[PDB]
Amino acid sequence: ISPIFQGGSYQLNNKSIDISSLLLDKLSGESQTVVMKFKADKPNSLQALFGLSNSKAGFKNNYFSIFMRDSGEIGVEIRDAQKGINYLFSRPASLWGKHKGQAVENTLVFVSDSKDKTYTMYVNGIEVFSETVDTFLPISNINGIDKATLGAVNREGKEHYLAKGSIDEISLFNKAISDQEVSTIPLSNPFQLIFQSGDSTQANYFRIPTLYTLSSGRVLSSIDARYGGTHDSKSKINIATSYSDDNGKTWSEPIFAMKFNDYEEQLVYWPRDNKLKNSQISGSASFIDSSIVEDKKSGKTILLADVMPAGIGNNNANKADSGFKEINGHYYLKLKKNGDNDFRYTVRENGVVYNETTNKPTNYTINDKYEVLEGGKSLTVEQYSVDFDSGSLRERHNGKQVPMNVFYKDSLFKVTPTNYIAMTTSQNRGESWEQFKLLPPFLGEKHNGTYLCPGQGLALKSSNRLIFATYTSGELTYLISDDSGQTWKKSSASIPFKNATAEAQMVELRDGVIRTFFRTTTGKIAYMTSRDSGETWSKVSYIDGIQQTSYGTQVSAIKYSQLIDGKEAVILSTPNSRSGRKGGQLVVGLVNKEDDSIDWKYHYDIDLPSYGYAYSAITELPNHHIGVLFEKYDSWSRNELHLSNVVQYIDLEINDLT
């Protein structure tokens, strides 16, 4: 259908533009669509892009607005004091501000559908909210509307919520356009999606991105596919992967690298209201925080992640138990059988379940998928599904049988309720993944596993050495393999912190010389150095010129292949803010060959200082461009939980950064 009104190139310079005579008499019927292409790289704190109001004295609360905040939040108000209606719908972190220093043209589509009684907002091709109401308020049925306004709302004759920005194009339709029609509207997106709601993972949420460039030229990404909102474990979370063979222009449909099936893969809209938002899937096993490296020698791609048994997360994990029993120099996985108070079993060689009290093998075995067999026959459990149909979160059996896994709630034999690290490998560069295997304890029988640092492992350039950083209380614990990941040893580097989330990423400054950058509790990013390929580590120092919050945020880092200003270069990706997870930057450091110190010379702004930026992944793409996959929202904020499609990918060139 043709638009009833269309205008363009409006500059919003803290002065409203009146379009009443062009639009108001054209509005008819109870359904409308607004399509608006707009820029705002220096927004006010709160500003209206579009308003329909009763501007008469005594009717200040009779209006419709489309508004934004300098946080990147988008929203609408629909109000009529006579009808007693005051709707306010919004979602944080919905907008772009700048990309490569130029203002981004955001494409906004707002559908007011009277038949459905639903208000739906899309920005940049992403649905950010869809709200169904009991009593529908058509945007043009507001009592006494007499002004149509761009860049403010006219209330009682005055300009409220003045906007700074521009509207390149605005169209209105006297119809609620269908989802199919919305999808045909052209976009000018500065970003891509690799993982997204509705894809093959069927997760509605995603966190903790990784990127790694393989020697073939293929670029690989992994991620937490989070089902029960954006919550850390305890929850349902799988590790998913996708790859690109064209320098990041397109990406394969995701597959899983690690997955559990005790709960259904459900695409669920997790509630965002204050009463329900902390609802958390509490009976599911999960994976969380993945990291990838490529092994030159074997050709294998190796991926590690934390594993959490049913109902377990960092919070309630059995500290003081590895989950393993050491028996004459070997670690065996412990099991507790239904009805016992203690863990009287171990998993011996060939998956044989052994009774530690009677010292006899049982007629139970654990296969390579950690599934329980009895007399060689596969046992099963019934799968759970989740719903909020009763007004609160419900977890219940759904009629479907799946293999009984020792990480599951319903399993006859259960592992120790603590955190583990698992490893999987791919021999076809991410096209498929082998069944995962648990790594052994590294810090003793009665110490819970260390926590994997998400992002990349490190493959040393002049040897076969592989290193994955992990952390625990009081130290970074580096896991080192010289045999393609078949065996691992630890290298402990104490840090002056108790219980910090010390997420660490490494760069090889030169042969044998490793610099590790890591998150702390001090508001500054820290670093340490190894000059012997990770055997021993320096004391801790801190980077100046970058701010983090007290709780900190994961940081990613690479050694760039090409010289910059004649020097070896490291690139760092992090929020640069003392206030929240926002103000995303790539910081380019030039290495001083004399002393290995780094001159942090260039700071590239990913988007606005006030716009969200949390966990991130960076890689040098085969064409020497930089790929960034990152959480474009404040993933700490309790106001920004459970947003869909905020993990986004962008392509940059080195000249963009300098």
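Counting begins at 1, following the sequence as shown.
Two stretches are in play, 356-364 and 160-168, and the higher mean C-alpha B-factor belongs to 356-364. Of the two segments, 370-378 and 569-577, the one listed with the higher mean B-factor is 370-378 (C-alpha atoms only).
Taking the PDB entry at face value, the top CA B factor among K26, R69, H624, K632 belongs to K26. Reading the B-factor column for the CA atoms of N278, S215, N318, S550 in the entry, the top value corresponds to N318.
Remark: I546 belongs to the highest third of its chain, ranked by C-alpha B-factor as recorded. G612 sits in the lowest third of its chain by CA B factor, as recorded in the PDB entry. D387 sits in the middle third of its chain by CA B factor, as recorded in the PDB entry. In this PDB entry, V628 carries a Cα temperature factor that places it within the lowest third of its chain's modelled residues. Placement of the Cα temperature factor of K461 within the chain: highest third of the modelled residues, per the deposited record.
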